[PDB]
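Protein chains in written order, with the authors' numbering: chain D, 1 to 261; chain B, 1 to 261; chain C, 1 to 261; chain A, 372 to 555, 579 to 787, 797 to 1017. Using N, Cα and C, we set each Cβ at its ideal position, and we do this for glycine too.
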DNA sequence: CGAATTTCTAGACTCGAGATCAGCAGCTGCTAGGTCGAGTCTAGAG
DNA sequence: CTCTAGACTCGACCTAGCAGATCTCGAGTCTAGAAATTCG
């Protein structure tokens, strides 16, 4: 029987919004290492993966590994009525049929239990590759989202261009053109309010702003977002889940059509 | 020459919006004892009663007991002009069909005056029987505010099975069932968190949550609900209006026979 | 080659807010003595005037006279993307159809530059009949915003009576009639509280209430508004932008026989 | 349609050969119609289709008429140059373009403006834009330019685009020519009637205009009654009454007075009377009954224009003074003279006697028995009430019970099935149509005897107008009786002759109101007259001719005659929750007086389920 | 105090029923159906 | 013998449809913009 007590339920709470608009069904690979999640997006374009170490949990123990599925949509509506400073004690029995909620209160005066119906999914595992990237960018995550919705007004395609002194965010729409560049600043002691880009080889790609808007949903996970880019490689947008874990995104680059011809 | 001067304009603000969604027109039974409203709902299912003692008003006068039928819907919009801290000065004059509302800013730099139009409404009186009940609880208002809403996601027919050790406000639906059980608390320093229950005989009845959601619009009025129940007797939901009045709500229990159909 | 740099970019942000929807296209007339904007609405009903001086600019130079037409909506899309504290670096090239909008970071870390397409309007030498106004009213902008907004629901036109005892706002509708009047401030020395009225002869005119909302969008610009009236003259609403200049709102009075037929 | 090309052209080429037609049209209109004639044959169709269509601005982009060409536009500019299809051109009228304008782009134009509630319904948006006409004080704020509505229509045309419309003159002249052709389709083979047009109906070209003015109004008032908006009708009817008042002293109606009653059918006063007649039901429905009482009084002063009108006004006075304006002292005076007026007869009057009986028995008028001592009587002998059953929906189980199929039906088959198995196979129904059909063939040339003025006025007439009026018989009182008594003496074989002959002599030839389907087979008709003969139908027609206005129908619905066994089973279809009207047996009483076989057939309310009970 | 969160509100999209149109029906009177004030029958009390 | 309330009846009273396709439309529903709120 699996029990996971998490003092910081807010971290668990705010995960679901990022996965709502892009994921509906998923499987939770649960082991003694912690909580794992891999699920291809509904549109079969971008890949979203989640990992949590067990050591982050206040209480955690899992005798036998389980891969079980629940609709993401249902669980967030349940988690809607919960508060941010509560104590949660995620618990699941061996025979995977229901999920019990052990919601607690900071004053330990009000407790509420809810029961979730589980469902079965086909465990489709895809082996992601691990490799070095050409241009890797770490920069304030809140700033990254702020850039996106400006360029969304112009078009749905931002030219990623790792340059000598930052990036060359360029949106090309029918109404006009939007070019945004940020100076590479590292002298700031506050690493959260700083950008660091490592140079291996310049590489230029373009991505659909539709997924970037969905990817920016995870902005308050961490104050900074790390972007790793490489030639003919899916986009990497990673969010560190404090010390609890990490959350990174895949999105295959669009094939550059021969519009010049 | 009816005149009522109440400093707390917000409480007068607070009473109207609760009445907007259930009643279209009503008869205002005012007397030297004070303002009394007895108006069964437009949907002809629930009953709402309101009484304001004259002494609660800062300045109250009533030469003759009038009974005016005023359009309830339009009142809030005029009231929406009134500030959260203005001194209202309810006043009626002779045999005219106009009510005088004056809004005074606390600094006495802004004086707002307004005039509405009275209509003719039949004075229909319904007998009010006084009796005791089976399950009586003093239970916090903000507590139930979600409870009607949270289980409104499950179904529209709760089966209350009040017992000796708390509440069993269960629900059900096609997606599943919502089962919340609050634990009775007595050793609380404040009376705003006490859920003390007095039992003589357990009762099991049923309601539609749509009205329950409507009955929760009066949450800002107070923080201590005096809802009660007995067998085959309409529900009572009474709100103490500070030291100004009392707001009681009536709703007959839903018969379990229609649930079979 | 025109290039004007204003430290307070929020002022340029606020001015578009009122002009964002009230006017759709206009000519940006610029001279060596300052900025002056003047155009007409699609309904040929109200006139907007700008008197931005060259003194208010931190750094100003306008080598030759320009008068250029650009879309109002396009500009508002850009002013929204700049913070309330960026330094505007407006720079317009001689007959190049390129406006250099640079939003300078007070932090000196981000660089924000934007260019937009330039269109071609037409000038119609709007006549500005200067005339004295019998009733001159100066009173704070915030209070003005309420009175125009509050009376919007009750009716569609207002009969303004310049009473020497205090200006009165009266509006009538199918809901009834409501009149609001104030008292001229005597002892409160605060300029944001004066209700001073200049009286030469009482005047009673009528105007459309569907525009007062549009004009009151300039409340963030200034704390006090000035309204001047006489017999058969347009309504004037003037906002004093510090020492930068004044903007005046023109509104020809509603004809008295429009209600007759 | 090829029908429309031949039809309108036939109308024109037939109305051409009338010297009065040219007499009543100016040389200008003659040039107009000739310049239609020289117009292209394929260009005729465009004006033909639009003429018999609503008068409103329409975009050719909306139009889809293809049988001329997908690009018949050159015909459009040609006919526009002809001076008929007024194109966009002179269009400075905001209301008309708004009418052309459609709601969606109307909503878009609302969006680009500031007007209050730019989401409403079609008309109030239209007059909202019309309130935008109230200007020239805010438009004159700077430069004067009062054409704010001009700007409105400019942007509307930018939204709308092109349109066409017809000038009033051509439409008016073709309206006149068509009504002249009508005078109270090309496939129709008209009968063997030649022509007898002698006297012109009207007296002047000015007089006919007022009919054209009135005819438009009369159709307008007809629509007003189907609206509930008689209030606008009265004001123009007042003007029409004023138009009457102005033209009350006009000699044109005196010549109509000189005209026979079948030519009196339409008259300046009579038109105005029928205008004022509708005014009465305008008045009564809005409950101004007292004026309606007043109108019929002045109506009752006149009797000449449609003598079959005074009786209606007698009922008007009774109805006005009974149902709502209870006023005894007049209504007794009314009902007395009402029962006595010659034009009041049959059902029109027999209802009044029962009305008199019902009124006198009432306590209100029970006091005035002394004024009710002149009551006639119509003692009846109600025909044997054969009360039958059968399924109802109606629904028939005709055939074997093994096939109780629904096959929706009427009350006829129920009795028909009952009577056909009663040895009365043939004979379907048709009240008095068949008797008129019998009357038609045998007396045809006597019926259509000519030489009398305007018997066949038009080039297309079938009935000589006076067919409705009793003066038809008075014209041929000697001629009819000679032929009538001959039929009375003619044997069955002889009847077969004039039946079959006139059936062939006038086959295809338009048989006025005569219905060939009544005689499903000509031999059946010849077999039918083999069952008929002499007094059987001769008695009928004696009643028919003079008493014609008031006796078109009411005869026994079913006719059910045995084809081979002579004996017929004439039947009045009836039943419970129903009864025979006062006039209804006036057929049967004299029918049974001549020993007809009319059989009252009541019908028990019997449903599909009901028979399963037994 | 700013931003998120939630709510509120209006603008956009769906559907099914209402109105109209054209080449002909309207012959308008029988049929069905819902209605109403008066006449009539009956039961209980005087 | 007479006055009154209720059921059956009967005779008066009034109103829609014609003929299939065609737009046109008028309410019903959702989600983004607008805005209060509220907390560190």
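Do we get a CB-CB distance below 7 Å when we pair residue 505 of chain A with the residues of chain C?
-> yes
Proximity winner among B/258, B/243, B/249, relative to residue 58 of chain B (alpha-carbon distances) | B/243
Segments of 4+ residues assigned as alpha helix (DSSP H) that fall wholly inside the segment 647-710 of chain A = 662-679, 683-695
Ignoring anything shorter than 4 residues or poking outside the segment 60-127 of chain B, list the alpha helix (DSSP H) runs there in chain order.
-> 75-81
Distance, residue 115 of chain D Cα to residue 181 of chain B Cα | 13 Å
Proximity below 7 Å, CB of residue 160 of chain C to CB of residue 205 of chain C | yes
With a threshold of 16 other CB atoms inside 10 Å of the CB of residue 216 of chain B, please say whether the residue is buried or exposed.
-> buried
Evaluate the contact criterion for the segment 379-395 of chain A versus the segment 237-254 of chain C: three or more CB pairs, one atom per stretch, below 8 Å.
-> no
Residue 153 of chain B versus chain D: which residues are under 7 Å apart at the beta carbon?
-> 77
Does DSSP put residue 229 of chain C in a helix, in a strand, or in coil?
-> strand
Candidates A/958, A/968, A/802: which alpha carbon is nearest residue 984 of chain A's?
-> A/958
Who pairs with residue 605 of chain A in a beta bridge, going by DSSP?
-> None, per the DSSP bridge assignment.
Bridge partner(s) assigned by DSSP for residue 53 of chain D | D/34
Chain D residues whose Cβ lies nearer than 9 Å to that of residue 117 of chain C = 175, 176
Tell whether a beta-carbon distance below 7 Å holds between residue 816 of chain A and residue 799 of chain A.
-> yes
Over what stretch of residues does the beta strand (DSSP E) that includes residue 589 of chain A continue unbroken?
-> Note, residue 589 of chain A: premise wrong, no beta strand (DSSP E); not H, not E.
Return no unless some Cβ of chain B is closer than 7 Å to the Cβ of residue 180 of chain C.
-> yes
Starting from the beta carbon of residue 150 of chain C, find every residue of chain B whose beta carbon is closer than 7 Å, and list them in chain order.
-> 81
As assigned by DSSP and simplified to three states, the class of residue 167 of chain D | strand
Go through its chain and collect everything with a Cβ distance to residue 37 of chain C's Cβ below 6 Å, but skip five positions before and after it.
-> 50
Does the beta carbon of residue 185 of chain D come closer than 7 Å to any beta carbon on chain C?
-> yes
Residue 258 of chain B versus chain D: which residues are under 8 Å apart at the beta carbon?
-> Residues of chain D passing the Cβ test: none, with the nearest at roughly 27 Å.
For residue 911 of chain A, which beta-bridge partners are listed by DSSP?
-> In DSSP, residue 911 of chain A forms no bridge with anything.
State yes or no: is the beta carbon of residue 112 of chain B nearer than 7 Å to at least one beta carbon in chain C?
-> yes
Return the first residue and the last residue of the alpha helix (DSSP H) that residue 200 of chain B is part of.
-> Per DSSP, residue 200 of chain B belongs to no alpha helix (DSSP H) and is neither H nor E.
Roughly how far, in whole angstroms, is the beta-carbon of residue 386 of chain A from the beta-carbon of residue 677 of chain A, given that I think they are within contact range, below 8 Å?
-> Not confirmed; about 39 Å, so no contact.
Go ahead and label residue 752 of chain A buried or exposed: buried means 16 or more other beta carbons lie within 10 angstroms of its beta carbon, across all protein chains shown.
-> exposed
Do you know how far the Cα of residue 23 of chain B is from the Cα of residue 45 of chain B?
-> 11 Å
Can you tell me the Cβ-Cβ gap for residue 149 of chain B and residue 213 of chain B, rounded? I've got them flagged as a contact below 8 Å.
-> 6 Å
DSSP beta-bridge partners for residue 249 of chain C?
-> C/48, C/237
Residue 960 of chain A and residue 832 of chain A closer than 7 Å at C-beta | yes
Can the beta-carbon of residue 701 of chain A be found closer than 7 Å to that of residue 737 of chain A?
-> yes
Just checking, does the segment 858-873 of chain A make contact with the segment 887-901 of chain A on the three C-beta pairs under 8 Å criterion?
-> no
Report the option in A/614, A/641, A/640 whose CA atom is closest to the CA atom of residue 628 of chain A.
-> A/614
Separation of residue 504 of chain A from residue 142 of chain C, as counted between CA atoms = 35 Å
On the three-state DSSP scale, how would you describe residue 160 of chain D?
-> strand
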